[PDB]
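Data block for structure.cif (mmCIF, C-alpha atoms):
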data_model
loop_
_atom_site.label_atom_id
_atom_site.label_comp_id
_atom_site.auth_asym_id
_atom_site.auth_seq_id
_atom_site.Cartn_x
_atom_site.Cartn_y
_atom_site.Cartn_z
CA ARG A 3859 0.00 0.00 0.00
CA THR A 3860 2.68 2.51 1.05
CA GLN A 3861 6.45 2.30 0.57
CA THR A 3862 7.63 4.49 3.44
CA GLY A 3863 11.33 4.77 2.62
CA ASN A 3864 10.89 5.25 -1.12
CA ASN A 3865 10.73 8.70 -2.68
CA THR A 3866 7.77 7.62 -4.85
CA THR A 3867 4.94 5.38 -3.67
CA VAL A 3868 2.71 3.20 -5.86
CA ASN A 3869 -0.52 1.74 -4.46
CA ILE A 3870 -0.45 -1.88 -5.62
CA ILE A 3871 -3.56 -2.44 -3.49
CA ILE A 3872 -5.55 0.12 -5.50
CA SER A 3873 -4.07 -1.12 -8.79
CA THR A 3874 -5.35 -4.62 -8.01
CA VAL A 3875 -8.86 -3.21 -7.50
CA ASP A 3876 -8.54 -1.33 -10.80
CA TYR A 3877 -7.70 -4.55 -12.63
CA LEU A 3878 -10.57 -6.33 -10.87
CA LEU A 3879 -12.97 -3.64 -12.11
CA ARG A 3880 -11.56 -3.89 -15.64
CA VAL A 3881 -11.96 -7.68 -15.73
CA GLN A 3882 -15.45 -7.63 -14.19
CA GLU A 3883 -16.55 -5.17 -16.87
CA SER A 3884 -15.34 -7.61 -19.54
CA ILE A 3885 -17.11 -10.50 -17.82
CA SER A 3886 -20.35 -8.49 -17.65
CA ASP A 3887 -20.05 -7.58 -21.33
CA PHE A 3888 -19.43 -11.20 -22.34
CA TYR A 3889 -22.45 -12.22 -20.25
CA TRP A 3890 -24.57 -9.59 -21.99
CA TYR A 3891 -23.40 -10.97 -25.33
CA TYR A 3892 -24.45 -14.49 -24.29
CA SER A 3893 -27.70 -13.49 -22.55
CA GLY A 3894 -29.96 -13.63 -25.60
CA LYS A 3895 -28.44 -16.85 -26.93
CA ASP A 3896 -30.21 -19.98 -25.70
CA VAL A 3897 -27.01 -22.04 -25.32
CA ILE A 3898 -23.41 -21.03 -24.63
CA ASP A 3899 -21.07 -22.63 -27.14
CA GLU A 3900 -17.82 -24.38 -26.23
CA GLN A 3901 -15.53 -21.44 -27.04
CA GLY A 3902 -17.54 -18.92 -25.02
CA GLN A 3903 -17.90 -21.44 -22.19
CA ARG A 3904 -14.12 -21.91 -21.97
CA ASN A 3905 -13.54 -18.15 -22.16
CA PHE A 3906 -15.92 -17.84 -19.20
CA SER A 3907 -13.84 -20.44 -17.36
CA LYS A 3908 -10.59 -18.56 -18.04
CA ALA A 3909 -12.04 -15.19 -16.99
CA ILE A 3910 -13.57 -16.72 -13.84
CA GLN A 3911 -10.18 -18.22 -12.99
CA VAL A 3912 -8.53 -14.81 -13.37
CA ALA A 3913 -11.21 -13.07 -11.29
CA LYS A 3914 -10.96 -15.75 -8.59
CA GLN A 3915 -7.20 -15.27 -8.39
CA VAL A 3916 -7.62 -11.50 -8.10
CA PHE A 3917 -10.23 -11.93 -5.35
CA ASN A 3918 -7.90 -14.26 -3.45
CA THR A 3919 -5.10 -11.71 -3.80
CA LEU A 3920 -7.34 -8.97 -2.39
CA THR A 3921 -8.39 -11.25 0.47
CA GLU A 3922 -4.74 -11.88 1.33
CA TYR A 3923 -4.16 -8.13 1.14
CA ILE A 3924 -6.94 -7.37 3.62
CA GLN A 3925 -6.79 -10.29 6.08
CA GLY A 3926 -4.74 -10.18 9.26
CA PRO A 3927 -6.84 -7.12 10.09
CA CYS A 3928 -4.72 -4.90 7.85
CA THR A 3929 -6.65 -1.72 8.63
CA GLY A 3930 -4.77 0.38 6.08
CA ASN A 3931 -5.59 -1.98 3.23
CA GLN A 3932 -9.18 -2.29 4.43
CA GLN A 3933 -9.56 1.49 4.43
CA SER A 3934 -7.97 1.68 0.97
CA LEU A 3935 -10.42 -0.82 -0.53
CA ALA A 3936 -13.24 0.99 1.29
CA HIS A 3937 -12.56 4.15 -0.73
CA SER A 3938 -11.44 2.32 -3.89
CA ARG A 3939 -13.67 1.25 -6.80
CA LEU A 3940 -14.22 -2.22 -5.29
CA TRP A 3941 -17.93 -1.64 -4.68
CA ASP A 3942 -18.74 -1.14 -8.38
CA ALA A 3943 -16.98 -4.40 -9.24
CA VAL A 3944 -18.90 -6.15 -6.46
CA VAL A 3945 -22.19 -4.79 -7.84
CA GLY A 3946 -21.29 -6.01 -11.33
CA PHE A 3947 -20.40 -9.47 -10.04
CA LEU A 3948 -23.64 -9.55 -8.03
CA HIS A 3949 -25.67 -8.81 -11.17
CA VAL A 3950 -23.76 -11.44 -13.16
CA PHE A 3951 -24.21 -14.03 -10.40
CA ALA A 3952 -27.93 -13.28 -9.97
CA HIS A 3953 -28.56 -13.83 -13.66
CA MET A 3954 -26.18 -16.70 -14.53
CA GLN A 3955 -27.51 -18.66 -11.56
CA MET A 3956 -31.00 -18.54 -13.07
CA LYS A 3957 -29.79 -19.12 -16.64
CA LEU A 3958 -27.15 -21.87 -16.35
CA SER A 3959 -29.15 -23.98 -13.89
CA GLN A 3960 -31.88 -24.67 -16.45
CA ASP A 3961 -29.34 -25.94 -18.98
CA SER A 3962 -27.69 -29.30 -18.28
CA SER A 3963 -24.49 -28.69 -20.26
CA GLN A 3964 -22.91 -25.83 -18.26
CA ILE A 3965 -22.64 -27.67 -14.94
CA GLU A 3966 -18.89 -27.03 -14.74
CA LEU A 3967 -19.39 -23.36 -15.62
CA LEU A 3968 -22.01 -23.11 -12.87
CA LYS A 3969 -19.57 -24.67 -10.39
CA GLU A 3970 -16.81 -22.23 -11.39
CA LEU A 3971 -19.25 -19.35 -11.00
CA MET A 3972 -20.33 -20.57 -7.55
CA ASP A 3973 -16.69 -20.79 -6.47
CA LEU A 3974 -16.11 -17.24 -7.70
CA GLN A 3975 -19.17 -16.08 -5.74
CA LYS A 3976 -17.89 -17.83 -2.62
CA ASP A 3977 -14.51 -16.13 -2.95
CA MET A 3978 -16.20 -12.74 -3.39
CA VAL A 3979 -18.22 -13.29 -0.21
CA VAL A 3980 -15.06 -14.40 1.62
CA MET A 3981 -13.37 -11.17 0.49
CA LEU A 3982 -16.34 -9.18 1.83
CA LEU A 3983 -16.14 -11.03 5.15
CA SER A 3984 -12.42 -10.25 5.35
CA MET A 3985 -13.30 -6.60 4.72
CA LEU A 3986 -15.65 -6.86 7.71
CA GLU A 3987 -12.83 -8.03 10.00
CA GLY A 3988 -12.13 -5.83 13.01
CA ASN A 3989 -15.39 -3.99 12.41
CA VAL A 3990 -16.57 -1.28 14.79
CA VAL A 3991 -20.14 -0.23 15.50
CA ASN A 3992 -21.29 2.30 12.88
CA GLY A 3993 -18.02 2.01 10.97
CA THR A 3994 -17.41 3.42 7.51
CA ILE A 3995 -16.78 0.03 5.88
CA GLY A 3996 -20.15 -1.26 7.05
CA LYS A 3997 -21.89 1.87 5.79
CA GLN A 3998 -20.29 1.54 2.35
CA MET A 3999 -21.03 -2.20 2.15
CA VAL A 4000 -24.69 -1.67 3.04
CA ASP A 4001 -24.80 1.12 0.45
CA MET A 4002 -23.46 -1.35 -2.11
CA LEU A 4003 -26.06 -3.93 -1.05
CA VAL A 4004 -28.91 -1.42 -1.33
CA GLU A 4005 -27.63 -0.40 -4.76
CA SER A 4006 -27.63 -4.10 -5.76
CA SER A 4007 -30.91 -4.80 -3.92
CA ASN A 4008 -32.60 -6.80 -6.70
CA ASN A 4009 -29.59 -9.01 -7.45
CA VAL A 4010 -29.14 -9.92 -3.78
CA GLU A 4011 -32.86 -10.71 -3.55
CA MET A 4012 -32.67 -13.05 -6.55
CA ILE A 4013 -29.55 -14.72 -5.14
CA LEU A 4014 -31.23 -15.21 -1.76
CA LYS A 4015 -34.40 -16.64 -3.35
CA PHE A 4016 -32.22 -19.02 -5.37
CA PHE A 4017 -30.42 -20.10 -2.20
CA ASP A 4018 -33.62 -20.64 -0.20
CA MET A 4019 -35.29 -22.56 -3.05
CA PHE A 4020 -32.31 -24.90 -3.32
CA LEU A 4021 -31.85 -25.19 0.46
CA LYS A 4022 -35.41 -26.44 0.98
CA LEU A 4023 -34.68 -29.36 -1.37
CA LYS A 4024 -32.75 -31.25 1.30
CA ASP A 4025 -35.77 -31.17 3.62
CA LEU A 4026 -38.06 -32.04 0.70
CA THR A 4027 -36.02 -35.10 -0.29
CA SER A 4028 -35.58 -36.19 3.34
CA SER A 4029 -39.32 -35.90 4.01
CA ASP A 4030 -41.30 -39.13 4.34
CA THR A 4031 -44.06 -37.90 2.02
CA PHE A 4032 -41.41 -37.78 -0.71
CA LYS A 4033 -39.72 -40.95 0.60
CA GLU A 4034 -42.85 -43.04 -0.07
CA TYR A 4035 -42.45 -42.36 -3.81
CA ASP A 4036 -39.10 -44.22 -3.69
CA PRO A 4037 -39.72 -47.12 -1.27
CA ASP A 4038 -36.22 -48.49 -1.94
CA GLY A 4039 -32.78 -46.88 -1.91
CA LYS A 4040 -32.26 -46.83 -5.67
CA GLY A 4041 -32.91 -43.08 -5.62
CA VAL A 4042 -34.35 -42.75 -9.14
CA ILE A 4043 -37.77 -41.08 -9.31
CA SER A 4044 -39.97 -40.03 -12.22
CA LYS A 4045 -40.75 -36.44 -13.16
CA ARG A 4046 -44.46 -37.06 -12.59
CA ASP A 4047 -43.78 -38.31 -9.06
CA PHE A 4048 -41.40 -35.39 -8.49
CA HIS A 4049 -44.08 -32.88 -9.52
CA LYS A 4050 -46.69 -34.56 -7.33
CA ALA A 4051 -44.24 -34.70 -4.41
CA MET A 4052 -43.24 -31.03 -4.42
CA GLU A 4053 -46.87 -29.97 -4.86
CA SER A 4054 -47.92 -32.14 -1.91
CA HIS A 4055 -45.04 -30.70 0.13
CA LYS A 4056 -46.61 -27.30 -0.73
CA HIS A 4057 -43.59 -25.38 0.55
CA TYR A 4058 -42.86 -24.51 -3.10
CA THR A 4059 -44.98 -22.17 -5.18
CA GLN A 4060 -45.94 -22.90 -8.78
CA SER A 4061 -43.05 -20.84 -10.16
CA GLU A 4062 -40.56 -22.61 -7.88
CA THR A 4063 -42.01 -25.99 -8.86
CA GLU A 4064 -41.75 -25.32 -12.60
CA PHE A 4065 -38.23 -23.94 -12.17
CA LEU A 4066 -37.22 -27.12 -10.33
CA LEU A 4067 -38.69 -29.25 -13.12
CA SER A 4068 -36.70 -27.18 -15.62
CA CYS A 4069 -33.49 -27.53 -13.59
CA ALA A 4070 -33.73 -31.36 -13.68
CA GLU A 4071 -32.41 -33.03 -16.83
CA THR A 4072 -34.79 -35.44 -18.55
CA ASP A 4073 -33.85 -38.94 -19.70
CA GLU A 4074 -35.79 -41.22 -22.06
CA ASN A 4075 -37.65 -42.73 -19.08
CA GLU A 4076 -38.57 -39.31 -17.60
CA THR A 4077 -36.76 -40.28 -14.39
CA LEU A 4078 -34.16 -38.29 -12.46
CA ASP A 4079 -31.56 -39.03 -9.79
CA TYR A 4080 -32.55 -36.76 -6.92
CA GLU A 4081 -29.37 -37.68 -5.03
CA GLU A 4082 -27.16 -36.15 -7.72
CA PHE A 4083 -29.68 -33.31 -8.14
CA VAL A 4084 -29.41 -32.31 -4.48
CA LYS A 4085 -25.66 -32.89 -4.29
CA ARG A 4086 -25.27 -30.59 -7.29
CA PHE A 4087 -27.48 -27.77 -6.02
CA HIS A 4088 -27.90 -27.86 -2.22
CA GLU A 4089 -24.23 -27.97 -1.18
CA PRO A 4090 -22.98 -24.88 -3.11
CA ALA A 4091 -26.07 -23.13 -1.76
CA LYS A 4092 -25.42 -24.39 1.78
CA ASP A 4093 -21.87 -22.96 1.59
CA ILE A 4094 -22.38 -19.62 -0.16
CA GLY A 4095 -25.64 -18.87 1.64
CA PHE A 4096 -23.96 -19.59 4.97
CA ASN A 4097 -21.23 -17.10 4.09
CA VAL A 4098 -23.87 -14.54 3.06
CA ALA A 4099 -25.80 -15.14 6.29
#
Could you express the structure from this file as structure tokens?
Amino acid sequence: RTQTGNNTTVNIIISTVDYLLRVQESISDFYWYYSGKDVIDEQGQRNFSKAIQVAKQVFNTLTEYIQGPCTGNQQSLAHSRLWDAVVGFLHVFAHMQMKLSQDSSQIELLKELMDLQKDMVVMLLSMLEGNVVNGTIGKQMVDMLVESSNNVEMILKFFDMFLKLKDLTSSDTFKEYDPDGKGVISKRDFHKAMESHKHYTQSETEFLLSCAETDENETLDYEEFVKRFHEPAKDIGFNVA
């Protein structure tokens, strides 16, 4: 952050945030290019993976900058352009979560995105280290949240909808559909089960049907379904909570 003995000082901490903003703008633009298209092709999907890797590394670097309650670095990121990048990532996460989940071919891209989201939330938590009551960092972070109100709401609804699935699949009223431990259940039984559970609205039910890949027998493995969706939700939502 500050080279005391040197005649000239360069803020590497701020430069890292500048690069993070520059790369998040490119990620948002590439998202907006792929938003209209129904499917993301292989080249775009790999470019997403490469950009997510770069952004994850930058987020880890910022987290290492700010941990060990480094108050100077925390104050520098507080006044830097980090909040705009966080808002952009929040928008991208809120929309790619709803888009990629429906498709069954971008599972790895969804996992990479969830890991990036987890690292962003870890960076925010490290910002909130050594916090004081009515501090400036908390005020700026809540301002960022209020600015990104809709995206956080969509992310939280996503997390709740995929966290209730563990209770749904552990319920006995769903367990009677699969009397054995084979764990393969039909889409018709799945739709009847979630409607009987009645903790899911119609929109949530149809979204969960869409998020489950269909085979020739119209049967799905709810074990792999829940292990794919619940656990990333149980981690990232815990960090957000």
Exactly which residues make up the result of the PyMOL selection byres ((chain A and resi 4071-4080) around 7) on this file, given as number ranges by chain?
-> A: 3962, 4041-4045, 4069-4070, 4081-4084
Exactly which residues make up the result of the PyMOL selection byres ((chain A and resi 3940-3954) around 6) on this file, given as a list in words?
-> residues 3875, 3879, 3938, 3939, 3955, 3956, 3957, 3958, 4006, 4009, 4012 and 4013 of chain A
Return the single residue from A:3920, A:3890, A:3990, A:3907 that is closest to residue 3971 in chain A, with distances computed using only C-alpha atoms.
->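 Looking only at the distances to residue 3971 in chain A, the closest residue turns out to be A:3907.
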Around (-17.1, -8.9, -21.8) in the file's frame, which residues reach within 12 Å when counting only C-alpha atoms? Return as a list in words?
->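 Here the neighbourhood of the point contains residues 3879, 3880, 3881, 3882, 3883, 3884, 3885, 3886, 3887, 3888, 3889, 3890, 3891, 3892, 3893, 3902, 3905, 3906, 3909, 3910, 3946 and 3950 of chain A.
The residues returned by the PyMOL selection byres ((chain A and resi 4052-4067) around 9) on the shown structure are residues 3960, 4019, 4020, 4022, 4026, 4029, 4031, 4032, 4045, 4047, 4048, 4049, 4050, 4051, 4068, 4069, 4070 and 4071 of chain A.
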Closest of A:3876, A:3914, A:3983, A:4011 to residue 3995 in chain A - atom-to-atom distances counting only C-alpha atoms =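 Among the listed residues, A:3983 lies closest to residue 3995 in chain A.
Counting from CA of residue 4096 in chain A, the distance to CA of residue 3973 in chain A is 13.6 Å.
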Residues near range 3992-3994 of chain A, cut-off 12 Å, all atoms listed in the file, skip fewer than 2 positions along chain, as a list in words | residues 3929, 3932, 3933, 3934, 3935, 3936, 3937, 3985, 3986, 3987, 3988, 3989, 3990, 3996, 3997, 3998, 3999, 4000 and 4001 of chain A
Go ahead and save the residues from that selection, with C-alpha atoms, as an mmCIF file, keeping the file's coordinate frame.
data_model
loop_
_atom_site.group_PDB
_atom_site.id
_atom_site.type_symbol
_atom_site.label_atom_id
_atom_site.label_comp_id
_atom_site.auth_asym_id
_atom_site.auth_seq_id
_atom_site.Cartn_x
_atom_site.Cartn_y
_atom_site.Cartn_z
ATOM 1 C CA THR A 3929 -6.650 -1.720 8.630
ATOM 2 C CA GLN A 3932 -9.180 -2.290 4.430
ATOM 3 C CA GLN A 3933 -9.560 1.490 4.430
ATOM 4 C CA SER A 3934 -7.970 1.680 0.970
ATOM 5 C CA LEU A 3935 -10.420 -0.820 -0.530
ATOM 6 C CA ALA A 3936 -13.240 0.990 1.290
ATOM 7 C CA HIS A 3937 -12.560 4.150 -0.730
ATOM 8 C CA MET A 3985 -13.300 -6.600 4.720
ATOM 9 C CA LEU A 3986 -15.650 -6.860 7.710
ATOM 10 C CA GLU A 3987 -12.830 -8.030 10.000
ATOM 11 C CA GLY A 3988 -12.130 -5.830 13.010
ATOM 12 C CA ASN A 3989 -15.390 -3.990 12.410
ATOM 13 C CA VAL A 3990 -16.570 -1.280 14.790
ATOM 14 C CA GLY A 3996 -20.150 -1.260 7.050
ATOM 15 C CA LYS A 3997 -21.890 1.870 5.790
ATOM 16 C CA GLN A 3998 -20.290 1.540 2.350
ATOM 17 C CA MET A 3999 -21.030 -2.200 2.150
ATOM 18 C CA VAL A 4000 -24.690 -1.670 3.040
ATOM 19 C CA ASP A 4001 -24.800 1.120 0.450
#
Of the candidates A:3931, A:3964, A:3925, A:3901, which shows the shortest atom-to-atom distance to residue 3871 in chain A, using only C-alpha atoms?
-> A:3931
Anything within 9 Å of (-31.2, -17.1, 1.4): list those residues as a ChimeraX atom specification, counting all atoms listed in the file and sticking to the file's coordinates.
-> /A:4011,4013-4019,4021,4091,4095-4096,4098-4099
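Atom to atom, CA of residue 3916 in chain A and CA of residue 4002 in chain A stand 19.7 Å apart.
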Provide an axis-aligned box for all listed atoms of range 3995-4003 of chain A, padding each side by 4 Å; report its centre and its edge lengths in Å to one decimal, as lines of an AutoDock Vina configuration file.
center_x = -21.4
center_y = -1.0
center_z = 2.5
size_x = 17.3
size_y = 13.8
size_z = 17.2
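Using all atoms listed in the file, the nearest neighbour of residue 4086 in chain A within the list A:3959, A:4008, A:3867, A:3911 is A:3959.
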